[PDB]
Every structure is written in structure tokens, then in C-alpha cells.
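What follows is a short report on a single structure.
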Amino acid sequence: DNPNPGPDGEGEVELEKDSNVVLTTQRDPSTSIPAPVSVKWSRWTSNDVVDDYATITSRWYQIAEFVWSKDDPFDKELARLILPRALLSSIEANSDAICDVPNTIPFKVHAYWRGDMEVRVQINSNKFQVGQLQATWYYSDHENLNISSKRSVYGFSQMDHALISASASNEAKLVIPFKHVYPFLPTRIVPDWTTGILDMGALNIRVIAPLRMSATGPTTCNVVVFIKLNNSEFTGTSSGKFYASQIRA
Amino acid sequence: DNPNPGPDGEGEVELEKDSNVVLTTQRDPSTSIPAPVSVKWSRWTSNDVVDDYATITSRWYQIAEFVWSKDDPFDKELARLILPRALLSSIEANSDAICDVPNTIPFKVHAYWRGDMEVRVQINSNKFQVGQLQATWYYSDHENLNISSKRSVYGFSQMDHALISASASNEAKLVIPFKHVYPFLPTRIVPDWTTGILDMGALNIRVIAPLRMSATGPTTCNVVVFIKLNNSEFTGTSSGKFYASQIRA
Amino acid sequence: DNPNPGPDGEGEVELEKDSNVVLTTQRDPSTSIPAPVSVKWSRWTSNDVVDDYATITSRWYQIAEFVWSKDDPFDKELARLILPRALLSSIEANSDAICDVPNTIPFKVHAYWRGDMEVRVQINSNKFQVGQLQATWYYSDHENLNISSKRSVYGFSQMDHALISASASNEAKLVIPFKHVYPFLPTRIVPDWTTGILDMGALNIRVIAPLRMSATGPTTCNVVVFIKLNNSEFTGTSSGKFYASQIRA
Amino acid sequence: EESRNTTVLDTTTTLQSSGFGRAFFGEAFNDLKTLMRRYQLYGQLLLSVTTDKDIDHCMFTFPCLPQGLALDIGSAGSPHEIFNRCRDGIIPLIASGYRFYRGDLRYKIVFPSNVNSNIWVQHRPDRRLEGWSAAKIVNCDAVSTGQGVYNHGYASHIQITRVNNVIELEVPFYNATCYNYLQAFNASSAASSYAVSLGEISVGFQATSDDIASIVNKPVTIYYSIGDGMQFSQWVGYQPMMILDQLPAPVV
Amino acid sequence: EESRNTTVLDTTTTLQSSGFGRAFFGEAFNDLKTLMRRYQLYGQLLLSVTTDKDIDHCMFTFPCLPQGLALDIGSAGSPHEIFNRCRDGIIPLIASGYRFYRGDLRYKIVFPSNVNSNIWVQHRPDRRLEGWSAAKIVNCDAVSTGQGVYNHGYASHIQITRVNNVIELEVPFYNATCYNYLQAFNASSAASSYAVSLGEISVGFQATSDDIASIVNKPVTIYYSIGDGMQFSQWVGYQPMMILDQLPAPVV
Amino acid sequence: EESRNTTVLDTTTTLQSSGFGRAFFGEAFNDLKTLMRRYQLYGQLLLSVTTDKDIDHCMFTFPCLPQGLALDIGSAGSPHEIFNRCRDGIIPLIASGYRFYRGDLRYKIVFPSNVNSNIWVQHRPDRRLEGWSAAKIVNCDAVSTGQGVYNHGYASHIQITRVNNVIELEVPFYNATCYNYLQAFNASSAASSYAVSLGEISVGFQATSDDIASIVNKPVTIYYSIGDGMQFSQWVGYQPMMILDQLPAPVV
């Protein structure tokens, strides 16, 4: 209630320090948790050496950056990421192999995976900009054919979601646990599973309030998405030459 | 000292919930109380059924809205409301009868009234606008003929008043108790009282600091006044056909 | 975290009340103390009546005001004040004698001086202005000939200093104790000391971040420097006609 | 939001309180009621007899109100020099800074000297005050209604001029109200006229037609204090004042 | 950030809770599983025999899934008036608002009346569901694979039509998964096809070629409840609905 | 506002502290006074005799100050290769980062070998230092004042070259001040010249005119440590440095 800015700026930085990667937020995160915390399931269907690599897999790594402008209508999708595929496809979109990033080197060598997720969607918007976005997670997007009529902010507001206001420039934390029909997702081509490899559903960022401003205001803003794999477990140690690149999309 | 805005805006709403009408303020009210709290006086001059109607008379209802622009000089009155007359005249200025509002239906049927008042003067000004208004209450304005030389912000600053700054966009609460020569105000034409019916004095909102801004700033702002009758008592149950409309002014 | 501005502005004034002079700051001061607090030294080299005048010497008095504009480069000095000389030269720059200010009338009549200092460097910059200044104190500037290559913000950042940000419009407090080769500074021409009379070093305010703004922003800002002599001691009572005016510079 | 203080920037020290002059002068000038109980001139008039008067006729009439009469500057030829030069007294200057009053008043009427006749004074709390006009000392010139006549039931007192030509009386508060107005009264209704003054004082002589010739053009002065139990109950700020030594001098 | 409340501006008072109708009607409508255990029409069909059938041939086949079949509006000439007029029931309307399920189902099949023949019903949890197309009641018209034939090892039951022409059975949960999909299924992989329906129910008659002529164009209706131990485990919002009394009327 | 930290974004872990090499090398390099008590070259000169000298004449003179002399690069023909190539030592590089000093110094003077003559060394703390010019080793070429002459009352010591041609002495702090300046001195006043160096060391030979011919062009080197009780008392940042392997090579 009594402001006194100095050379530092009178703020309070919140830190997310996860395995030598530190994320900083000026604002408070707007969290939303779709499902409760999952259990480890190496008991029921694995006899191979099952081990996470928490020093290299529970790190933060950007998977998407995009430009939200004022030339977007009311109900318009900005991002639609199939996150376990989107990590590998964001690496392959930077034109290299998957063995050059320490986050994804167990995906090259193992066969199956189960772990929870942490998604940070950070906007960099001016204080005078006005707008609002959704951060809605949907489990198993491709297994529903009527999802093309579902992708709208009217339907995504009904399930739980994270709101991002362009004025406050706040942040969206997304605790995504593993919830799938099968208790493991294969990383490569595996028997009677040829398509939809390592797909758990779509994080899709759409617009509620389009970006509004004055006549000479800053036209665009930037949105960056980071991901974390914290409660992982990798099973089925295999050859890396069996692995193939992801579908481009 | 550590700001963290979210989708809500990082505020703290103050509520005035008075008989199914709720008023919201972002800012803190600047109160001013001219006289201490009055006593009920049904003991000394009434034998009729004396009863307030606190469910319908202690509600909030707007009596004036006006537009304060930058084209107003230093000492210029914006509002001059004879509040017990101004409630009925604000209803009659909307071209209907007095029996269509639940706040004033005992005034149609009773003869006399005594009660305290609560006045909220709410401005809606931008943060970049610069200006300041007075909210001065004066008991029995019409019974002083030299009041035409009195109506100025120099004289009204000497008695207690409420200041409204256009920058902070604050609010003026006015606890007005009943202070009059006679302990009751008649609602209609009553013996040896033909003019000045139900007049207790003028709430007059004048300008101290005229509205200043840049070359392309928002030119005007709006001011709304709400009233509450909390410690009322109505006596002299009479016919509603004896009642006549107020003087227009 | 819950703002509620009123007619006062929702602030918290910090006060420096030192012998009937009161300084007000909205912001928090950024202090820097070069050396620890000195001792009184009337024991070792004085037998004359040694007495401060704390009612008139521990007051605040402006010694410099200047205009920091946007037409200044990166490493450019704005002020360079030899403070014990700069007090007397700031009085003499206003075209009068030294016996017209109560702060400096013991300097007219005594011969030597030792005391600590308090320097307040106050900027008046807009919130939308962007820039940053140093407030670096250097003991005995003139006794180093390679100081012309030393005067830069790269070198002055290595010793301790006070930072002034134009955005926060903060304030620089400078507790300067007496640190000199000799334990007293002569106020006038004294034996085998003809030049550099009453010089203890340079407070020099330079620019780190030049003043940046929009195309139509406020071009300049003002900086005022105040001084205080708190732990003084004056010895060697002498005639005032022996005293001569300071070097102009 | 009137007597607030955001930041008090005190550069001073403690000043020794004298107790409003009680230390120096043996008396504290803090209670303003003590000041207002000092007498101050309510008015003055020259007695003028137009028609032949009976014993029952009242000589002059005036409403009794604490905020002072309509300020009688006098005629343009012969102005009353007290109200013309130093405009108004202390008590109405204080009473201008309030709205309501309740309480008694004290009137001291000084009659001329060479008259001997026995004087009656009645207080009638029946006369409503109709407007700030005719709120003044009124010379009774004719008797139409029961106004000119010495009536029966009112509070009266007779001063013997042969013993002493000054009367000292206390007018009580007899209105049926909570307060009365304490400004320049503007008549809106009929009930508001009952609540301006306390009553209406009528002073009359018992002289006949032969002894009334020595009373013409003789001065009568009226002074008033504020009494006790006299309370002002609403703070109103002051109106525009006028500076007295800025008034022009009668140059020759 | 979905069910948050920044400022609740309550202008109301306390409303008396009826306990979801338990006060008025003696029953609480809060548990939605109690609603879903009411039977609702899974489908209806008219029996049609194209080729000569053996005793082993199954008469019709359908996958058993809780979110309701592909909505059979019928032919353009003769539409099924239940699914055409009032589009869909309660249970799939609830199941549209979820993503995953796990548990059993309850099927009640009502056969025609004038038939007498003994009816067998098998449940085969082997048939993967290939796309939302052909997720419907399928008239078995030919026998190429082991689909048309009454097989040995499956869970079967034979209803005697002479005693009672209705069968009431419970289909268990036999998938090797954590859940199954509870939407209009889109086939991506081969393993995802194993996890749509619980199994595949085949109903067949033991009639010969002479007694099957009385069975042609006779209606068979299938009803289903939700069973118990039946859990929906992920909240998904609802799709765009359609209002039923806004549908056009068959004008003449 | 210099050593502040707004937000420390530590992505590291705990690193094992060696104690400034005490773990590895058996010695802690934390105390910088331990480094500064290592000897370092104050200067060197070739002895040159212009005029005929008496026994009393001093051979050379130099002020004794801890921040190192004016850096003698030598002549353009024959430069002193130590001060030309690797510009300056450790002790004045440390002393550049401070403003004031107080304390003693330690001087070790190494004389040529084939000389035998008995050498006197005086310390005169009387010579004020007039400017950074002539703050260097000065060859005494003539005797006008009492500068060239071996004086009586100063602290002196005589080294026997026949026993050992090196002298090891401690110059004490004898200024009447709180401190002395520790930069390149700029002479402003006369009293400031008394407070630059500790004193002024004069070294002289007792040789006659015949034995002084073997002393011409022989080198004398002067080394100095920092002593003890030697305190630097004001932090000043460093001036612009120069990188040594960026200096040009003497190409052929």
C-alpha cells in the first residue's frame, strides 16, 4: 500500500529451480489441475530396468513460441500442441536429431514412458494491452472425431482451464498428470500401434478477448511455452536405430 | 509493496449491502459527518402508528447523474439537490408517479417523516485525469437569503465537507442526520406550511480543481449520487390523494 | 497489494528533520558509506576553544542544481563538486558574502575544520523516463594526476557508490566521514598551505543510462544536491578579515 | 475530510501555552460564551410621536433575536454613526458562524434622562417574523389591531424613570421547536416564521399628550447579552467579510 | 482458474435446501448413477433374413458400449421415429460430458411375441471396434469368418421364448486397460480399437428355414442401464447441443 | 548500493572450498599482506661519476614510497628491459587500488660485486616530494646544498662490501600525518608534499678518485617488501590497465 521503487524496481521474483534451469516470474501463476496425481505403474507390466532420469528429464525446455497480434478474431486457436509429440517435434523442427537435447535422450533408447507434466505458458504483454487467452488441456484429442466442433472457448471453459490476461501479464501453470487408456505411451513404432505414437492429447491455446489497444499502441506480443517431465519412468531399453522421426504436422 | 495482478486485477472490493442493494467501491470512502446521530422522537408529538419500513426505505437509489467536463471554471456548482425533495423530484423527473418505487411509497401515504441519511457520491474518472470536487451539506438552504453569496468553495471549506479527487477516483460518504428546527418534515401540504415542503437543505457539489488533462485526453467524466434513509420513522397515516407532486425547480 | 488512493495520494513520506530544516522523500534512499564513522580529534592538536555549532551547521542547504537532458552521451559527467569548497563557492556563486548564510559563518571566523558529511542527491524525474546516474565520492581528487583517465562510470562502479534510477525517481544518501591525510582542513590561507584550501575530494555525478523516452516525452529533468555537516568541530578562532574568497572554478 | 492531516512537517519546537491569557492576564479567553455575555448594542432610536397617543399605546416595538437586527445605517442625511462606521458587533459576528440556537437572551434598555414617565415593557412571544424586512425597531404610528395596545396576559414589567431610567430584563425561550434559525431569515412558509426570534418586545409610555412633547427626538438605546443555557448547535462557515479601515473617510 | 470467485456480490438470503427433492418427493436426485441405472433404449431393429440360415448362424450383432450407438435415424422413407424425433437419451447425454469409463453394463433385450424359437446370446470381448462407422446393430447376412457362427468358449445364455421373450443380462468389463474412450470414437491405431466397447454381443435364433418366415420384419428392442461399479473419470465439457422443439413439424 | 543483490538466480550446487589453496598446496593465499611481503624490484641503475667526488658525497638518492617510482622505461637506445617488457610489479598494482597508507617499508639493496668500498646509507625523512616528476632514482652530480653531503643526525647504516655487498634495512613511518597518498602524486600545496613518501634514502660510497673508476657503469638494484603494520585504508577502484602479451615483439 506504500510504494517505494528503487534501482531494483520494487518487485518479488518467484523462482522455479528444476535441475539447473531456473524460471522467473514477476506475477502469480494461475494454476489448473485436471486430474489428481497419478501412481507409478512399473509393478504391473514391466520387468525391465525401470528408471527415470530426473537430472535431465525434469528440466525446462521451450516447445513453442508464437506471436499473438491484434489481427486475430474472437474464437481463434493460436496453439495446438500434442505435448509428448510436440517436444520431439519442436526439437526436430529446429533441424537436428533427438540425441542433441538432454531432455529427450531416454526417448531415443527406451520404448515406453509414463510420467506427469508441468507446463508454463508465459506471455510478455504490455500493461496497456487488453486481452485474454485460454490454456485448456484435453486428454486424447485424436480419439474423438467430433472435436472439430468442440474446439472453441465456449466448450473449453466448461472443463477446467487456465486464464491468461494480457493486462496483468500473468502466467499459466498446468499440472498435467498421466491419464490415458493404456498405462504407457510407446515412444516408437511398437506392435499393433502404428499411428498416434506418444500422443496423450492437445494443449490448445485459443483467444477469448482479442488484443485491444490504442491507435499507436504496441501491436503484438509474444507467448512462450515450457514443459517439464517430473514423475517419469522409462521402460523397455531398446536400440536407438529402431526409433523413427515424428510426424511433422 | 509487491504487486502481482492476475485475471481478477489485484483489488479489494468494499461492499455496502443494504436491503438487497449492493454497492461496490474499489477505493476508500472519504467520510464527513456534520452532526452527531439523532434520536427518535415519536415520544413527544405522535400517537399514530409510527413505523419505519427498513426493508424498502433503507435501500440505495440514484437521484442524480451528471457530466463533469473540462469546460467548467474554478468556482462553479455542478449539483444543488434539496435531498428529501430531490428523491421525489428525481423520480418525477423520470416521468411517472411516486408509487412505482419502493423507496418512496410511505411518502405517498404518510404525512410526516424523520430519519437520517446516507449519501454516496461516486465519480468514474480516469487515473490520468486531474481535478477535485467538494461534497458539502448545508442544513436548511432556503431559510437564509444571503446564501447566494455563500455558495462558493471558499465558504464551504470552512464547514466540514467531503473531497473527491479525480486522480484517485475516490468516493464521498455523507452521514447526514436529521437536524431541523421542527422535529418532523411534512411530506405534503399540511396546515400553516404551504411552501418548502419536505426541504432540509442542499447538498451542493461544486468544483475546486477543474478537470485537467493532455491535448487528447478523455474530456469528461460521470458522477452518480445515491441516497439511503436508514433511521426513518413515518407518522400520520393519511390518504394518498391528498399528496401532490413536488415543485419542479 | 491492495491500492486505495484518496485525496492524499496513498503515499508514505520519509522525513529528515535536522535543525529546523525538513526534507521529504516519497521513495526509499539508496545509501552508500565509503568509510566508517570518524573520531573527534581535538585532543591531539588543539588547545583553542573547540566547539561545533550544531544548531546552524547541521542544517540542509542546496549546493547544486542542474538539468539532466536526453542530449547527454553514455559516459558524461554532470556534476563535479569539491564539497567543502563547493558549499562556499555555491554561496559565492549567488553573488554575496559568506556571512549571510548561517551554515558557513563559523568558516568566516575559525581557521580549521573537521566533521562528517551527509549528502542528499534528489532527482525529479517522471515515471515514464528511463535513465540512471552514479553518485560516487572520491577522497582527495586533486592529489592524483591520473584522475583524468579515472573519471568514468567503469572505474567509479568499482568503489562503492549510489545509484539513481530515473524510473523509480529514488534518492541517494551519502554518509561521508572525514578521511584525509591531515586531521584538519584549513578554511583560509594558512602557513605552507596556499592552494587546495578546504578540499577533501570530488563528489562527481555522471551518467550510466542516458535519459530515454518516447518522441513526445518530457525532455529534461532536474537534480538538486543538499549537504549537511553533522559531526563538525571548529578550532583556531581568528579574524574574519584574514579570510579570502574561494577559487571560482 | 476537513480537519485531516496527511503529513505534518513540523520544523518547530514546543511553545509555552499561556492558557488563553490566564497566565498573563489572570483570565482564560477560551470559552466564547464568556465573551458573548458582554453586552453589545442591539439598537438605538429617536422617539417620534406622529398621532395623539393614549396611555395604552405602545411607543415602539422590536423583535428579539440573537443574530442582530437588519443593520440600520440610518438616513442618508443623518446616519446612525455606530452602525455606519464600525458595521456590526461581536455577538452577531459569532452568530453568523452558526445555523441554529436555543436559549434565553438578556436585554438592557436605556431611556432618556429628562423624561420622568413610568414605562411599561411587554414581551409577546406570539408575533411571527415575516421576512428579514421589518425585522427592526418599529415606531408604532397607529393602532388598528391589538398590536399597539398594552395587552393583559403577557410577561410585563414597569420601570420607574424617577428611580432609574434603565431596565434590565431576561427574555426566555418560548418557541415550540428544537431550535431557531440563526441567519438573515428568508420567509418560505408560515410555520418557519414562528421560529426566528424568541418573541416581540413592545415598550410603551404612560404619558399623556402634554408630557409627550418633551419625549420627542430623545434617544433610546437597547443592549443585549447572550444569557446562559444558550447553545449554538451547527457549524456553518463564515460569509464574505468586509474590512473596516478600508472604508472611505469623510473628506472635507 | 475455472471455479474461482473474485468477488461474490450476494444480495440474497438463505434458501431452504430440499435435499434434491428428498423433502418433497421422498427421494434425492443428487447421485447421477441412480439416474443412469434407469433403463434406456440402446436400439431397435426389424429382423430380415436374406440367405438361408443354419442353426449356428447369428441373427444380428452389435458392439456393447455405454455412450450409445451411431444414432440410427433410419431410412428416408421409413425413419425410426424415436431416434428421429427425440434424438438421444439421458445416459449418452451424460456420457458425452466425460472422457473415460470403467465398469459393467446391463442389457435387457425384448424379442417379438408370436415367435417361439429358443434364442442364444453370446458376448465376445474379442471384436475390436474399427471406427465410429459400423458401430451399430449389424444384420448378419453371410457367414465367411467365425463371426456368424455360435462359438464355443464365450459367455452365452439361452432364453426360452415359450417361457419369456425377454432376456436380462450383465456385460462385464473385460478390457486389459485402465479405461476406455467415452466419445464418438476415431480409430487412429490398432490397439485403440480394443478399448472402445466392452465386447460384442451376438444374438441368434435356433430356427430352421420353415419357422424363420414368421420372424421376418418383427421388431427387436434393446435397452441398457449403466450397472454398478461404473465410474466416469475425466471431466470434459459438453459439445454443441440442439433444441428439440425447434425441430420442424411434419406439416400436411 | 554497490554490493547489493536484488535476485540471486543460483542454478549451481555447493562447491568444495579449498581454503585458497591450503588444501592442495599447504598455504592459504587469502591474506594479501602475505603476498606483499615478497620482495619486488624498486629499481635499478648504472653508476655514473661526472665530477670528482669527496668521501662525503652521496652517490645516488631516491624517495622511499610504497606505490613504486615513476616507471623508468630507460633511454630509447638502451631501455631497462624489466620495466619496458613486463611494465610493473605486484605491490604497486595492489597499491593502485587504494588511496591511503600508513606503515613501514623494507628495502634490500644489491650492490655490484667487484667493488670493495664501504658503503653508507642514510634515511632523511625531511625531503618533501615535489611532484611526480623527479620521484625517481637521482644521480647526485653536484653538491650545492646539504643534499650531497653525508649528514650527522639521520638514521644511517654502513655495509661492508668485503663481507657482503647487500644491505637489508627497514624504513620506518615518520610522517606527522594520519596517512599518506598512495597514487601518482600531484603537488597542490606545500604541506601535501610532506606526505607522499616516508623519507628519502641516500646511498654513498667512501671511495676516492682512483677507486671510483672501477665503479662506473656497474649496476645497483633496489628491492622492497611492504613490511608489517602496513595498512591500506580506503578502497579506490582500479585505473585502465594494459595487457602485456598485446605489446609488440622486437621483430628483425
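Cβ sites come from the backbone with ideal geometry, for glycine too, and all protein chains shown count toward neighbours. What follows is calculated from the coordinates using simple rules that are stated; it is not laboratory data.
Could you please tell me the mean projected area of the C-alpha convex hull for region E:77-116, averaged over all directions and given in square nanometres to one decimal?
The number I arrive at for region E:77-116 is 5.4 nm².
Quick one: P(r) of the protein assembly as shown from all Cα-Cα pairs, 20 Å bins, percents rounded to integers, in order of increasing distance.
Calculated over all Cα pairs of the protein assembly as shown, the distribution is 7, 18, 20, 21, 18, 11, 5, 1 percent.
Between B:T219 and the same site in the other copies, what are the distances in nm, shortest first, taking label points 7 Å from Cα along the C-beta direction?
3.1, 3.1
For A:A249, place a label point 7 Å out from Cα along the Cα→Cβ vector, do the same in each other copy, and report the separations in nm, one decimal, smallest first.
7.1, 7.1
Would you tell me the mean number of C-beta atoms belonging to other protein chains that fall within 10 Å of each C-beta in E:181-191, as a whole number? Each step should come with its number before you reach the end.
Details: counts 5, 2, 7, 5, 3, 9, 5, 9, 11, 5, 9.
Partner-chain Cβ atoms within 10 Å, mean over residues of E:181-191: 6.
Report the one residue of C:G9, C:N103, C:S19 whose Cα lies farthest in the direction of the positive end of the charge dipole of chain C (charges on C-beta: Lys and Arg +1, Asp and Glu -1; origin at the Cα centre).
C:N103
Taking the rotation that carries F onto E, look along its axis and tell me which residue of F has the beta carbon nearest to it, distance in whole angstrom.
Of all Cβ atoms in F, the one closest to the rotation axis yields F:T6, 18.
Can you compute the helix-only [θ] at 222 nm over chain F? Use -39500 (n - 2.57) per DSSP H run of at least 4 residues, normalise by all residues, nearest 500 deg cm²/dmol.
Numbers: 4 runs with 20 residues, N = 252.
It lands at -1500 deg cm²/dmol.
Report the calculated FRET efficiency for A:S238 and E:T34 (r = Cβ-Cβ distance, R0 = 45 Å), to the nearest 0.05.
On the way: r = 49 Å, r/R0 = 1.09.
About 0.40, to the nearest 0.05.
Going through region C:117-157, which trypsin sites (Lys or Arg not before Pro) have at most 12 other Cβ atoms within 10 Å and a DSSP loop state?
Listed in order of number, the matching sites are C:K127.
Shortest first and in nm to one decimal, what separations exist between F:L32 and its copies in the other chains, measuring from label points 7 Å along the Cα-to-beta-carbon line?
Relative to the other copies, F:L32 has label-point distances of 7.3, 7.3 nm.
To the nearest µm²/s, what D does Stokes-Einstein give for region E:81-163 at 4 °C and 1.567 mPa s, using the Kirkwood radius over alpha carbon pairs as Rh?
Estimated via Stokes-Einstein, D reaches 78 µm²/s.
What percent do you get for the relative contact order of chain E when only Cα pairs under 8 Å and 6+ apart count?
RCO, chain E: 36 percent.
Which number do you get for Rg(Cα) / (2.2 N^0.38 Å) in region E:45-99?
Relative to the 2.2 N^0.38 Å estimate, region E:45-99 comes out at 1.50.
Cα convex hull of region D:122-252: how many Å³ per residue?
Output value, Cα hull per residue: 228 Å³.
Tell me, Kirkwood radius of region B:40-96 from alpha-carbon pair distances, in Å?
In region B:40-96 this quantity evaluates to 15.1 Å.
Suppose each label sits 7 Å from its Cα in the direction of the beta carbon; what would the F:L93-A:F74 distance come out to in nanometres?
7.2
Could you tell me which residue in chain A puts its beta carbon nearest the axis mapping A onto B, with the distance rounded to whole Å?
Looking at chain A's Cβ atoms against the axis toward B, the nearest is A:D1, 4.
With 10 angstrom as the radius, rank D:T145, A:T24 by how many other C-beta atoms surround their C-beta, starting from the fewest.
Exposure proxy ranking, most exposed first: D:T145, A:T24.
Arranged from highest to lowest average of other beta-carbon atoms within 10 Å per residue, in what order do the peptides D:186-195, E:25-34 appear?
Output ranking for D:186-195, E:25-34: D:186-195, E:25-34.
Return the average number of partner chain Cβ atoms within 10 angstrom of each residue Cβ along peptide C:176-187. Could the numbers behind the result be given before it?
Working: counts 0, 0, 1, 6, 4, 14, 8, 2, 0, 0, 2, 0.
Mean number of neighbouring Cβ atoms from other chains: 3.
Kirkwood Rh over Cα pairs of region B:104-154 into Stokes-Einstein at 4 °C, 1.567 mPa s: D in µm²/s?
Working: Rh = 15.4 Å.
The estimated diffusion coefficient comes to 84 µm²/s.
How high is the FRET efficiency from B:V37 to C:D1, r the C-beta distance, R0 41 Å, rounded to 0.05?
After rounding, the FRET efficiency stands at 0.75.
Just to be sure I understand the model, the point goes 7 Å from the Cα along the line to the Cβ. What's the resulting A:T220 to E:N116 distance in nm?
8.2
Rg and Dmax of region D:184-245, using alpha carbons, in Å: what are they?
19.1, 53
Average partner chain C-beta neighbours within 10 Å, per residue of A:104-114?
Taking all residues of A:104-114 together, the mean is 0.
Pick out which of C:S32, C:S19, C:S232 has the largest mean-square fluctuation in a Gaussian network model of chain C, springs linking Cα atoms closer than 10 Å.
C:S19
Ranked from highest to lowest mean number of other Cβ atoms within 10 Å per residue, what is the order of the peptides E:111-117, E:100-106?
Listed from highest to lowest mean packing, they are E:100-106, E:111-117.
Tell me the volume per residue, in Å³, of the convex hull enclosing the alpha carbons of region A:56-191.
Once divided by residue count, the hull of region A:56-191 is 143 Å³.
Take the alpha carbon atoms of region D:121-196, find their radius of gyration, then divide it by 2.2 N^0.38 Å using N residues; give the quotient.
Dividing the Cα radius of gyration by 2.2 N^0.38 Å gives 1.31.
What is the ratio of the Cα radius of gyration of chain D to 2.2 N^0.38 Å, with N the residue count, to two decimals? Walk me through the intermediate numbers first.
Numbers: Rg = 21.4 Å, N = 252, 2.2 N^0.38 = 18.0 Å.
Working it through for chain D, the quotient is 1.19.
Where does region A:1-83 land on the Kirkwood hydrodynamic radius, alpha-carbon pairs, in angstrom?
Averaging 1/r across every pair of different Cα atoms and inverting gives 18.4 Å.
Could I have the simple spin-label model distance between A:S148 and E:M241, label points 7 Å from Cα toward Cβ, reported in nm to one decimal?
2.5
What list do you get for A:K228, A:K70 if you sort them by fewest beta carbons within 10 Å?
By the 10 Å Cβ count, ascending: A:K70, A:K228.
With point charges of +1 on the Cβ of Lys and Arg and -1 on the Cβ of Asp and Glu, referenced to the Cα centre of chain D, which listed residue (D:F20, D:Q67, D:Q122) lies farthest in the positive direction of the dipole?
D:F20
Where does chain A land on the Kirkwood hydrodynamic radius, alpha-carbon pairs, in angstrom?
19.5
Return the tail of the calculated pair distribution for region B:154-249, meaning the percent of Cα-Cα pairs more than 17 Å apart.
Values: 3131 of 4560 pairs.
Result for the distance tail: 69 percent.
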